[PDB]
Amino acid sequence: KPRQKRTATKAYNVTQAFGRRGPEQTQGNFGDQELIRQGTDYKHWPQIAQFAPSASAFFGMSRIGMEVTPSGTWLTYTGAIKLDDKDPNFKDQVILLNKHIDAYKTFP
């Protein structure tokens, strides 16, 4: 499976499918130890997935680029997804996202 189509689960976790969390531009930085170990099996995964873009929104909202480097050809992507301040779970969504963004920095 191409890396972009992989689905993390307890049997193929975030580390196995997408590598260690870290600070380099080539590494992902999202996920506490519980989400890394369980992937889509994570109890709060659906609350995180509501922010993931559809294939249409991924190519409709993102700034797409093509880069040819010594390591190969890359499809770059950047963008921002607005949370809904009126959503009654807004305060829980902020806490949940804060719990996984750069959570690796505190792993024992």
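Residue indices: 1-based, along the sequence shown. We call the rigid core the largest set of C-alpha positions that still match within 1.5 Å between the two forms.
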Out of 56 to 64 and 69 to 77, which shows the greater rigid core-aligned C-alpha deviation in 8 other deposited structures of this protein?
69 to 77
Test of understanding: from the entry's C-alpha B-factors, which stretch has the higher mean, 43 to 51 or 22 to 30?
22 to 30
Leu83 - Cα temperature factor, lowest/middle/highest third of chain:
middle
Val14 - Cα temperature factor, lowest/middle/highest third of chain
lowest
Based on the deposited C-alpha B factors for this chain, I'd like to know if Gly60 is in the lowest, middle or highest third.
lowest
